[PDB]
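Take a look at the structure below.
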Amino acid sequence: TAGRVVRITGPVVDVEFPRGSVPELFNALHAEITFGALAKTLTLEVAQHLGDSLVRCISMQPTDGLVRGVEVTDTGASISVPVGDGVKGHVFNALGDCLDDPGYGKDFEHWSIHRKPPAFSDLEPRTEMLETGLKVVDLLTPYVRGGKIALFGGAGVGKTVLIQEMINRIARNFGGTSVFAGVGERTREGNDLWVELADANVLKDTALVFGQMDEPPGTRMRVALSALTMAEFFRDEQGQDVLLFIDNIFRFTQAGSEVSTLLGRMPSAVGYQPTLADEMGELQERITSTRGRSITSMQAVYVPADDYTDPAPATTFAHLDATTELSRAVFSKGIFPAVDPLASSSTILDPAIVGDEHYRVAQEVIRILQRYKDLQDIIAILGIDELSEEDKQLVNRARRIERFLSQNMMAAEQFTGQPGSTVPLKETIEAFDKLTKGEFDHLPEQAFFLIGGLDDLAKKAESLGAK
Amino acid sequence: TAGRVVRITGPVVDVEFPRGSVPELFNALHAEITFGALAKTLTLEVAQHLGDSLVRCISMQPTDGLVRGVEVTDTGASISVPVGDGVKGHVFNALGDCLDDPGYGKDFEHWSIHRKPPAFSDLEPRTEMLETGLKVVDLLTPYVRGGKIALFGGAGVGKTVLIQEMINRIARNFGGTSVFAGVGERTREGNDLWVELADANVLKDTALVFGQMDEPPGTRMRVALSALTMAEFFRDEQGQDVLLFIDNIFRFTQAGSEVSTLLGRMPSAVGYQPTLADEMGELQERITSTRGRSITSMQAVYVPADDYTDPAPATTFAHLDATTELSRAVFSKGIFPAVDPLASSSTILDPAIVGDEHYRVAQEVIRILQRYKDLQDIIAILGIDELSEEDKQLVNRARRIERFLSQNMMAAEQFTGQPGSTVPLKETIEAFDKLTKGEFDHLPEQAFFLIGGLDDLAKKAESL
Amino acid sequence: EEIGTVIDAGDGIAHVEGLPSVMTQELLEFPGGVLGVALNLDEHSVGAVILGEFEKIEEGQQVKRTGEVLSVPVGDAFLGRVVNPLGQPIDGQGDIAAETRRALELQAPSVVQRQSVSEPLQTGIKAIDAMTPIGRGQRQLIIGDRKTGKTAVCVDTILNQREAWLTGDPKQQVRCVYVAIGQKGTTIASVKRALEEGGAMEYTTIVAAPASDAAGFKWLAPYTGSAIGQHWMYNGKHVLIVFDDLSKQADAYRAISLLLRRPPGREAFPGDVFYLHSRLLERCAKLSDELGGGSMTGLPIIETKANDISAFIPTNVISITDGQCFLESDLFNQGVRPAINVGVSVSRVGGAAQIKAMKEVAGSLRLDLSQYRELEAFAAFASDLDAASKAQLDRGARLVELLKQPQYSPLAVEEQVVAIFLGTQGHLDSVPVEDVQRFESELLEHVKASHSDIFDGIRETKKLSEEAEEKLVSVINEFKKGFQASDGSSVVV
Amino acid sequence: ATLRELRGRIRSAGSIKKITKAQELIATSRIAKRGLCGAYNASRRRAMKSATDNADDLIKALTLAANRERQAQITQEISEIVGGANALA
Ligand SMILES: Nc1ncnc2c1ncn2[C@@H]1O[C@H](COP(=O)(O)OP(=O)(O)OP(=O)(O)O)[C@@H](O)[C@H]1O
Ligand SMILES: Nc1ncnc2c1ncn2[C@@H]1O[C@H](COP(=O)(O)OP(=O)(O)O)[C@@H](O)[C@H]1O
Ligand SMILES: Nc1ncnc2c1ncn2[C@@H]1O[C@H](COP(=O)(O)OP(=O)(O)O)[C@@H](O)[C@H]1O
Ligand SMILES: [Mg+2]
Ligand SMILES: [Mg+2]
């Protein structure tokens with residue numbers, strides 16, 4: 001009652017089955033590569049029923065060495081991953097195989113990686129602020145405990161460094177479980193994260209699921225589902241708060257688009273699969289907090305070619321409670337974290353939750369920065385002196401504010417050699433309120449660059465000679 | 001000899017016929033949807049011959065409830081619309097069915113909407129000017145008889161009142177009729193236009209043809225041809241000078257693009273249909289003056305992204321002779337019609353056609369108005385007194401000229417009890433020649449609002 | 001009885017051989033209680049879109065035809081309930097008593113079956129109510145980039161309908177329908193919570209198509225909402241339908257069409273996407289008195305990218321609708337909130353959708369704002385500016401500060417009239433800009449506290465009478481005497 | 001990326017245009033009654049009028065380029081979409 005391979009084109013395999021033995025959609029099939037140098041067991045996910053008892057499947061492993069007409073065994077179920085507290089402190093691939101200890105977890109309970117999202121009735125909005133200690137994030141992009149957080153940005157703007165910073169600032173003191181999903185990222189980054197978590201003794205509370213960018217598209221598409229399944233087990237069965245880090249979520253979409261044409265789908269705009277939004281919605285709606293069960297999800301979102309209008313990030317935007325868009329311009333100015341304060345948002349940045357003072361200070365900062373952005377070109381061409389006295393004062397205030405929004409992060413010590421700093425929310429609000437009132441116009445703008453709070457500001461000012 | 005549906009993919013339907021009963025291209029076939037909720041009679045237009053006695057057709061109505069294999073009757077002719085004096089004062093769709101009275105016009109003569117343009121010999125080689133009687137239109141942007149006029153105007157600018165005025169003027173002065181073609185017409189706006197024309201009594205002088213936005217692309221593409229066929233009958237078989245309004249022509253282009261995409265043709269540049277220029281020429285070339293009778297057209301044109309190099313407006317403007325732009329600024333100042341003299345234009349404003357004196361006076365008026373518009377910013381910011389004495393007198397003269405380009409339109413008799421006026425071209429030319437010479441500076445600005453000829457100017461002067 | 005066989009299935013589509021008598025758009029029953037819609041019909045098979053649980057579809061399964069095109073239950077029981085595009089509750093509050101059923105593709109009212117839009121639909125937002133008025137039966141687009149306050153505007157309108165609902169007169173009540181397409185489920189929960197806090201769920205129905213739903217549900221949700229609203233509209237009631245947002249519906253329909261191998265056009269959209277939206281939005285009409293006089297007002301939302309209003313779907317929807325409210329993030333960051341761009345936003349219905357008092361007070365607002373936009377560049381040189389233009393710039397600044405509005409705080413029409421009266425009659429000229437807003441609010445409170453007769457006159461007569469105007473000016477002067485500025489100075493004279 | 005850069009340059013040129021026009025009008029007022037003078041050191045009203053006209057020309061050129069790029073992007077996107085569809089045909 002087993003099938004056989006009929007067609008092979010890269011990561012897509014056609015398999016023919018006897019009548020009545022056609023596997024169900026998403027079932028995991030096993031095929032054997034017997035070549036000496038590449039012997040292995042391909043896991044194939046049934047993607048389409050082609051008719052005539054043929055099924056099109058995506059290979060999780062490379063198909064090099066595969067031979068037409070070889071035995072294909074139907075497991076009768078979707079790809080499953082181990083679940084339970086035993087996963088904590090170990091590294092797994094998209095298929096649930098343990099990397100740091102091969103064969104580990106084979107006896108645990110196994111959950112199918114394909115699941116439905118929680119019922120609309122169970123869903124309940126979350127509005128508690130999550131204090132991080134970064135000035136820009138705390139002020140302009142407050143994070144939600146149990147909510148969905150994203151770090152948008154092009155390549156090399158600071159998404160991964162910010163993810164590590166949030167792991168340091170949130171996961172270290174977390175009282176619950178953490179799940180990290182490295183979706184189609186660099187293997188070196190995975191090893192670095194593993195070693196870092198081991199050093200900080202936080203690995204024992206963290207479960208790592210890695211699918212790297214050198215793996216076939218199938219692994220990159222299903223690794224996020226595997227990690228989300230582990231997180232869902234922790235949320236629903238253990239009933240404990242869960243931290244879920246995903247980096248990079250866009251890799252899921254990219255892998256989905258890689259096999260789209262090979263699956264017979266006609267391309268949508270920007271060469272994306274027609275089911276871009278549908279797959280994104282399924283995956284993102286599985287990532288959520290239910291009534292009484294909290295998942296704090298932080299996702300790094302790659303923006304292709306710094307183009308925020310790209311269909312992938314544009315579709316992703318709708319699934320987030322708080323967004324921090326990292327900008328290439330801010331990055332190139334030397335401001336770190338390279339957050340674009342004008343493009344960032346938070347569903348809880350209104351007076352009802354964060355309070356009147358926080359909202360007022362944030363809105364004044366945003367207004368000053370917007371006006372400075374407007375005057376950027378006039379300054380560039382005609383020079384500052386041609387602005388009005390009020391405009392010049394606003395420009396100086398905005399330069400100092402944008403420098404002050406920068407900070408020395410703990411995860412950035414290896415890049416600047418400067419130890420990181422943390423700023424309490426109240427100090428941040430007070431300092432930015434003072435800045436928007438011109439209380440620090442006398443200090444040089446360089447005094448506001450890559451510092452912590454007001455004490456660090458005074459120290460740097462006196463180092464430069466100001467007071 | 002009746003066909004049967006084989007494929008149904010949205011508004012595209014494949015129909016099979018016996019070997020020797022395959023309909024000709026553009027023939028109108030009839031199918032039936034019998035489902036109670038959506039019961040209706042689908043009109044299909046043969047678009048392609050697929051071979052093996054299969055024809056691909058575009059449905060003029062939504063295909064919901066259509067079943068495969070249902071009988072499809074062939075009428076033996078393309079879409080035919082009623083013609084004659086009876087269609088005046090009524091509303092029809094692209095298929096000729098009367099909307100204000102179903103069944104009306106079924107006994108009228110029916111003309112196929114697909115017709116060739118006038119033969120080469122029939123075309124009049126001499127471009128002729130159409131005297132609308134409006135001072136601004138006649139002077140600055142003379143309309144071409146049998147020509148095409150682009151219309152531009154925002155909300156609340158008097159566009160509909162201008163259309164109404166043109167309807168009344170063509171009905172009275174030239175003893176003609178009007179045909180309105182709502183391509184992509186909004187049902188709300190169509191009802192509004194119907195009610196307004198009925199209220200103003202000009203509905204009797206016009207025939208309305210609405211292809212609405214809720215209809216599939218085929219009707220939105222063929223409604224313009226339907227209205228043009230009615231106008232062609234009026235011009236040819238009845239010897240009338242017809243006036244054909246089209247709103248919006250870009251929506252005709254967009255419907256053509258949608259139909260092309262539905263039929264599977266590869267899009268051309270910017271995603272338009274490969275035969276964009278051919279379709280636009282086929283529609284526009286039928287709007288011409290022939291045998292002493294003309295169809296003059298005023299077409300509302302939408303420019304995507306305000307990019308006049310876009311293929312749709314670029315192709316449309318190849319067939320346009322005049323251009324009238326209505327401005328909120330001129331409307332605010334109370335000038336009616338709210339035509340922008342500086343922005344508007346006309347291809348026939350050259351001495352070879354309008355004569356030396358006409359061109360000279362028009363250019364002098366345009367120069368004065370442009371100079372005043374240049375002054376406008378200084379006047380607004382620094383104040384009027386800042387201007388030199390020569391600038392002051394030029395500002396006053398230009399303001400008087402701008403007011404005198406206004407006029408009490410005939411269609412405005414409803415909104416104000418004042419009846420409209422018809423200013424002969426010679427009178428307008430001499431009056432504006434006098435104005436540019438300063439012969440009316442002593443008179444107050446008030447004397448130049450909404451009047452006709454020089455006699456009206458004088459009368460209103462003593463009135464003040 | 002006709003039974004078809006599933007011959008293939010992939011990512012939401014299933015081809016079914018058989019059912020020779022199946023209709024286009026007919027609903028089909030796949031095993032396990034799965035539902036599909038027959039969209040592609042040809043001699044070989046029937047390509048149907050699965051409405052949910054596509055993974056349960058297998059080759060060789062038996063498919064039955066329902067004999068009926070897509071239809072949804074409709075009735076008064078849907079008020080305050082959250083349902084999916086099939087009319088089934090998803091809020092876990094039991095069954096819904098359906099008065100009847102409506103096909104989702106019933107034709108819209110014809111040209112002869114409508115009447116001109118003549119009744120205001122007060123959104124409670126001063127900017128919209130004064131600059132781009134919306135009448136009942138009108139289709140007003142809300143178009144802008146993400147996080148510009150479009151959902152805020154729609155929710156404020158729905159909340160504002162509460163007093164009209166409480167009046168109890170069916171000629172004043174407005175039944176609200178909110179359609180959520182491709183939205184995060186918790187976002188729909190937040191919207192429902194906001195409506196509930198304002199007592200709006202008593203007259204509001206939510207058609208929810210969360211992002212996790214099949215493309216079929218995202219494609220059908222606006223039509224389900226439209227049918228639910230139509231059932232009330234044809235029975236003499238007045239309806240307000242919000243689509244949040246049509247761009248996601250267009251994307252879902254494009255996905256469906258591409259998976260069905262239909263020829264793509266610009267931006268890969270099929271040839272009838274404009275037809276999709278026009279068919280959806282032409283059902284929002286103002287019925288003639290012969291048909292009960294009911295109406296349905298459409299408030300579609302469009303999310304542009306990089307403020308590109310010349311894109312395909314934005315262009316189509318802008319062409320379809322009777323007016324547009326353009327929301328810009330630059331204004332939003334400047335503090336202008338709601339961030340409606342009054343320069344480009346337009347309502348083709350115009351003054352016909354305003355009461356007499358609102359039309360009178362708001363007549364000068366357009367001119368003042370345009371002139372202020374012209375004079376913006378000279379704010380640095382007030383001395384150079386002449387007296388007229390200087391006072392004109394100041395008046396424009398006060399007016400721009402006036403149109404600002406806090407979220408979830410709709411204003412009654414009389415309150416809006418009084419506020420715009422303050423703005424356009426020089427009663428804010430003696431107030432600092434930063435205080436204008438505060439002043440406004442306080443003054444309104446004062447008028448409610450002791451001088452409600454002004455509001456009563458405006459509401460019942462729709463006109464600000466001469467004696468009412470004099471009393472309002474007197475109250476304004478007294479309040480100015482009693483008013484305290486933020487800078488500590490005085491505002492009298 | 002070129003379209004976004006062109007749009008940014010268009011808005012920059014527009015802001016330059018408004019600021020230069022305001023300077024021109026203020027200079028006119030002052031005449032009736034810093035280095036932005038045209039060539040006085042090598043008048044400010046003349047220089048600002050020239051700058052505003054140059055900004056107008058630059059804006060028109062940038063708008064033409066942006067419209068060309070918009071049309072090209074639409075055409076190329078449709079080319080890729082139809083190429084994929086034909087490949088799958
Ligand atoms: N008038 C207002 N004053 C202040 N804040 C407002 C106002 N309107 C909306 N906001 C805030 O602006 C942010 C965006 O608003 P909203 O989500 O309603 O807009 P949107 O453009 O529909 O958003 P999205 O991209 O989520 O669809 C939210 O924080 C909302 O609270
Ligand atoms: N806080 C910071 N201080 C200094 N440099 C930083 C900081 N954050 C990020 N960077 C720089 O940004 C680059 C990209 O970092 P990373 O986040 O790993 O890539 P991506 O942003 O693509 O995920 C690094 O080379 C690093 O030098
Ligand atoms: N000659 C005129 N006298 C007075 N009012 C006019 C005149 N022409 C146009 N208007 C005004 O212009 C407005 C718009 O008119 P119309 O063109 O009919 O509708 P639309 O605004 O849809 O174009 C009307 O309210 C009308 O009062
Ligand atoms: Mg990274
Ligand atoms: Mg929204």
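Identifiers in this document derive from the order of the structure tokens: chains are assigned A, B, ..., residues are numbered from 1 separately in each chain, and ligands are numbered from 1 in order of occurrence.
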
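In chain D, the set of residues within 9 Å of chain C (atoms considered: only C-alpha atoms) is residues 4, 18, 19, 21, 22, 23, 26, 29, 30, 74, 75, 77, 78, 81, 82, 85 and 89 of chain D.
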
For the contact check between chain A and ligand 2, emit one row per residue of chain A within 9 Å, containing the shortest atom pair and the distance in Å rounded to one decimal, counting only C-alpha atoms and all ligand atoms, chain then rising number order, as a tab-separated table.
residue	atom	partner	partner_atom_place_in_ligand_line	distance
A:153	CA	ligand 2	21 (O)	6.9
A:154	CA	ligand 2	22 (O)	6.5
A:155	CA	ligand 2	22 (O)	4.0
A:156	CA	ligand 2	22 (O)	3.1
A:157	CA	ligand 2	21 (O)	3.7
A:158	CA	ligand 2	17 (O)	3.0
A:159	CA	ligand 2	23 (O)	3.8
A:160	CA	ligand 2	17 (O)	3.5
A:161	CA	ligand 2	17 (O)	4.1
A:162	CA	ligand 2	17 (O)	6.3
A:163	CA	ligand 2	17 (O)	7.7
A:164	CA	ligand 2	17 (O)	8.7
A:165	CA	ligand 2	1 (N)	8.7
A:189	CA	ligand 2	18 (O)	8.1
A:247	CA	ligand 2	23 (O)	8.2
A:248	CA	ligand 2	23 (O)	8.3
A:300	CA	ligand 2	23 (O)	7.6
A:301	CA	ligand 2	23 (O)	8.9
A:302	CA	ligand 2	22 (O)	7.6
A:326	CA	ligand 2	21 (O)	8.2
A:331	CA	ligand 2	12 (O)	7.6
A:334	CA	ligand 2	4 (C)	7.9
A:335	CA	ligand 2	3 (N)	8.0
A:336	CA	ligand 2	1 (N)	4.7
A:337	CA	ligand 2	1 (N)	5.0
A:338	CA	ligand 2	8 (N)	7.3
A:406	CA	ligand 2	1 (N)	8.3
A:407	CA	ligand 2	1 (N)	7.0
A:408	CA	ligand 2	1 (N)	5.8
A:409	CA	ligand 2	1 (N)	5.1
A:410	CA	ligand 2	1 (N)	7.9
A:411	CA	ligand 2	1 (N)	7.0
A:412	CA	ligand 2	1 (N)	4.6
A:413	CA	ligand 2	3 (N)	7.4
A:414	CA	ligand 2	4 (C)	8.3
A:415	CA	ligand 2	4 (C)	5.3
A:416	CA	ligand 2	4 (C)	5.7
A:420	CA	ligand 2	1 (N)	8.8
A:450	CA	ligand 2	3 (N)	8.5

Residues of chain A no more than 12 Å from chain D, counting only C-alpha atoms: send them over as number ranges by chain.
A: 260-274, 304-310, 373-388

Select, as an MDAnalysis selection string, those residues of chain B with any atom no more than 12 Å from chain D (distances computed using only C-alpha atoms).
chainID B and resid 261 264:272 304:312 375:388

Pick out the chain C residues within 7 Å of chain A. Count only C-alpha atoms. Give them as a PDB file with C-alpha atoms, in the first residue's frame.
ATOM      1  CA  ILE C   7     -10.416  14.543  -8.549  1.00  0.00           C
ATOM      2  CA  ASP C   8      -7.797  16.942  -7.139  1.00  0.00           C
ATOM      3  CA  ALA C   9      -7.332  19.370  -4.269  1.00  0.00           C
ATOM      4  CA  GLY C  10      -4.730  21.962  -3.350  1.00  0.00           C
ATOM      5  CA  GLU C  55      -7.149  19.784   4.753  1.00  0.00           C
ATOM      6  CA  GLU C  58      -9.273  14.188  -0.222  1.00  0.00           C
ATOM      7  CA  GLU C  59      -9.301  12.781  -3.731  1.00  0.00           C
ATOM      8  CA  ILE C  90     -18.668  32.752  16.460  1.00  0.00           C
ATOM      9  CA  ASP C  91     -19.044  34.577  19.784  1.00  0.00           C
ATOM     10  CA  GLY C  92     -20.271  31.464  21.610  1.00  0.00           C
ATOM     11  CA  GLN C 183      -7.967  41.118  10.683  1.00  0.00           C
ATOM     12  CA  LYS C 184      -6.267  39.700  13.744  1.00  0.00           C
ATOM     13  CA  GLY C 185      -8.892  38.021  15.899  1.00  0.00           C
ATOM     14  CA  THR C 186      -7.836  39.968  18.979  1.00  0.00           C
ATOM     15  CA  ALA C 189     -12.202  41.535  19.901  1.00  0.00           C
ATOM     16  CA  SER C 190     -10.813  44.987  20.721  1.00  0.00           C
ATOM     17  CA  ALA C 211      -6.912  36.381   9.044  1.00  0.00           C
ATOM     18  CA  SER C 212      -6.964  32.628   9.736  1.00  0.00           C
ATOM     19  CA  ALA C 214     -10.082  30.559   4.249  1.00  0.00           C
ATOM     20  CA  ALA C 215      -9.795  32.955   1.327  1.00  0.00           C
ATOM     21  CA  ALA C 255      -5.710  34.464  -4.430  1.00  0.00           C
ATOM     22  CA  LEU C 258      -5.026  32.729  -9.334  1.00  0.00           C
ATOM     23  CA  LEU C 259      -5.526  29.331  -7.710  1.00  0.00           C
ATOM     24  CA  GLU C 267      -0.931  43.496 -10.024  1.00  0.00           C
ATOM     25  CA  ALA C 268      -2.011  39.894 -10.784  1.00  0.00           C
ATOM     26  CA  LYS C 305       1.052  51.732   0.811  1.00  0.00           C
ATOM     27  CA  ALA C 306       3.383  54.742   0.909  1.00  0.00           C
ATOM     28  CA  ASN C 333       2.281  62.789  13.488  1.00  0.00           C
ATOM     29  CA  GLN C 334       1.833  66.573  13.314  1.00  0.00           C
ATOM     30  CA  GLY C 335      -0.924  66.248  15.927  1.00  0.00           C
ATOM     31  CA  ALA C 380       7.956  83.213  10.283  1.00  0.00           C
TER      32      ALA C 380
END
